[PDB]
Each structure stands twice: as structure tokens, then as C-alpha cells.
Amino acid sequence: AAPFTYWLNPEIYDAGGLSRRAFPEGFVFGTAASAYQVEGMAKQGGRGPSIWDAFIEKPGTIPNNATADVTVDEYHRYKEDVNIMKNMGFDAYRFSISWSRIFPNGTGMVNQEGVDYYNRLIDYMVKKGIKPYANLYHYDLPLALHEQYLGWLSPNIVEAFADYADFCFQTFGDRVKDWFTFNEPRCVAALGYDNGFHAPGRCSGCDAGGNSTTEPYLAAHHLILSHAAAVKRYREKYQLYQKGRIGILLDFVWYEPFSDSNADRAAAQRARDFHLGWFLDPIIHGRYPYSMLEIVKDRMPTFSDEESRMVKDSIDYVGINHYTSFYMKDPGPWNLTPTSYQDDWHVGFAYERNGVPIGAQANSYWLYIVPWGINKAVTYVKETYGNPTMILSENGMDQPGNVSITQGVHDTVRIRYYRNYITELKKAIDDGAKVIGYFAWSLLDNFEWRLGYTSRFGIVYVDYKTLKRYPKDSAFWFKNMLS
């Protein structure tokens, strides 16, 4: 790389008063990734196709028609990556298991080569002293199950998932003591079934078909039941003997009332219900949020008393993926003709107040830099859900894909992001929030779904021509902060 790559950024040594002592005893610091975004070997090693494999095939889906067939190729360079995490001082790694790498068809025949890969990765993490946190699902439904019965839209998916989870618990549970069923089921449901932005690409307008008024809610209901069923397998068959824990990863945008008026306040609350409460109300209270039931009515499925009891308290902790915040306005009189899940919120967004932007924007269209939002978000969870045990399970920001190694590694905006968000998180914790861990998204620049390689979330720069890794200033900022 050009000589400027190796300039020593003094920001690295500015920890803003953060250290392991500033956090609770045994607090875990990690990084997070997912199978599809980092593994490569998409069509190799016995892996069956997922809905993203099919979705990507349609031209124009991913910028420059890029694929995740190789991506950053962690399938082969997992040792190097784990070595980087260790060298940077991280305690843990949240990865995901590809359902279709284990069961090419989703059910039945186990792909042993796939199992051997996860076994290698986990064994090496353990050997290096990195704690494995395993997520079972991160957007990668086996295509076969979508072909058979439309995947998440069928109640058949529930036991298919439980069986898959069950297998993972018995295969990997002797060393994996921390499990998650789903990463961001809200996004699976909304992006997958409301606006068709993610695989399977369904919505009211969409080429693949769909109905934005009903399918997101059906998907979500089955994801909640699938989660509950997986957790039941774990609790009844494995947990007492393996002595691990299980939870779920929920994305949570902070919604701030645009003003102190009752309408704006109620607008902010309604967005929280539709975004987070959709999933966390069932899990903590056994029921869907009140606003949702009243607005969506018959377009939302109902739990039986038996399902409600299975879902309630079906976590040992909750992962909160948090990045950003928006202002929320009452939008005025509601039009009540069913349009979409997003429209069902009946809120207006705002990104500035008194000519002042809520924060600077990162590369991603949705990502505003608002450190105080993490404090509000976590405090909200503490106060609303009975102070649950929490993991701050994703946090980070992106640069554009079109930067060189030389400029890409000097990501001082990212140092600032982490310093400020972690600082705001520390305050929430200091004020009583039972946060037990924090995970940065992500170790490496990787395949960023619809944005492909036009977005760089890593604290480590990856040259996509050579797949060489170059730690950014933010990686060294962590190494210094954590030592």
C-alpha cells in the first residue's frame, strides 16, 4: 500500500476514558459477522442454495452484479481472522451458521463437510481463547423450503427450524455456550415481505408476488414461533447438560419525539411498538403490542394460549442491534386503507430540528450518527421490559466501498463513532442497565446485502482484488482501549 497507509493516527490512543475497568466484571467485547456475508464457498462444500443465492441471480439486484460466492473468503482464511480478533484484544466472536450448509434441502440429509467447517472454526476460536456466540439464522433460508411452501409464510417452517436448531445444539453445544436463534427477525419480515428489498423479495408490487398488508405479519408470527420452538428444544434437552444460554437479536432504532406534544410522544411510542415491541412484547409479556393489535387487527395472526406460554420468557438474554436514531412526528389524520406494515406505523420521520441535523450520516442511506440514541435505547429496554439481561449485539458504521487502502484505514470518523456510542452505553449501564456484552459490526469489510461491496463496515479493510486484510485505525483504537 502507499506510504501514507502507515501514518500513526493519534486518535488511536484517545480512549475517551474507556477501559475494561469502566465496565462490569466479566463484560464481553466482541465483533459480529454472518455466514453469507463473510464465508464464501456459496455454491461449494456441499452447501445448498439459499433464497439470497436465487435473489442475487436476477440482474440489477446487487451493484456491479457482485456476489457473495467468495466475498472475504473466511471459509478458508478463518485462522487469520480469528488471529486478528485475538491480536486486537477481543473476547468473543458472534458468527452465524448457514442452515443450507448444514442441511442443503433444509431438512433430512446432513452435509458433513459443512459440519466439519463449523467444527474447525469453533475449535480454533476456542484454542485461541475467543468465546463463540452462534447465531442460527441470518437471512439465509434454504431455497428448498421457500420452493416447497413459501418458507416463513408457512407454519411448516416452525418444526423445520426447531429440528435444525436441535441438531446444532447437539453437534456444537459442548463448546458453544451462547446461542441466538435469529438476527433481526423484523428485517427478515419487513425487507423480505413488505417492500421486497431483501430475499425472497416479496411485496404488493413485487415481481415475485406477495402482499405487504399481511405477509410481513405472517412471517413475523412464524419467526416468533420458530424461535420459541428452538428454545424449547434447548431448554428441555440440552441446557441443563451443556449449561449455556439462548436468546434472540433484535434491531432497535431509537425513535425520539420531534416535540414534547402528546401526539409526537405517542408517535415515537408507536414506532417503538412496531419496530421492537412486535417481537419483544410476545417474548416478555406473551402478547403483541396494543397499538399493533388495534391498527392491524385481523391482518395479524393470534397466539393460542399454548403458543403464548411457549413464547413468553423464551430468552435468557436479548441482543439489541443498535446503530441510529430518528425524530418522530405525528403524521396527522391516518388513512386506514391497508397499504403496508411500514404504513401501519402511521408516523412521520424527521432528520433535523431547528435547522440542525440529528447527526451526520454514514455511507448507508439509513445510518445517522447519533451516540445519545444508544443510551436512550438501552434505558428504554431496561425500564419497559423488567430490566432484562442484554447484549449490545451490533453497533458500527460504514464508509463507501470506493476508497483505497491508503485512505480506507484512516477511519477516524469510525473511531469517533465507537468512542461516543460506547461512552453513551457506559452511562446506561452505570445507571442500572444489565448489559453483559458489546459487539462491533463488523471485523471485516464484507458483502453488505443490497449494497454489495459499495459499503465498508469493517474495522479491518479488505482489498477485494487480493483479499488481503489491513487493520484500520479503529481496530488499533479497540486494541488500545481493551488492553
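From 1 onward, residues are counted along the sequence shown.
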property	result
Entry-level comparison of average CA B-factors, 63-71 and 25-33, reporting the higher stretch	63-71
Comparing 333-341 with 315-323, the one whose average Cα B-factor in the PDB entry is higher	333-341
Selection from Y385, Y149, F274, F161 [criterion: highest C-alpha temperature factor in the record]	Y149
Among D305, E215, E184, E394 - the residue whose C-alpha B-factor is largest in the record	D305
Modelled-residue ranking by C-alpha temperature factor, third containing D53	middle
Third of the chain's Cα B-factor distribution that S19 belongs to, per the entry	highest
Chain-wide C-alpha B factor ranking for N9, given as lowest, middle or highest third	middle
CA B-factor ranking of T412, expressed as a third of its chain	middle
Third assignment of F180 from its chain's C-alpha B-factors	lowest
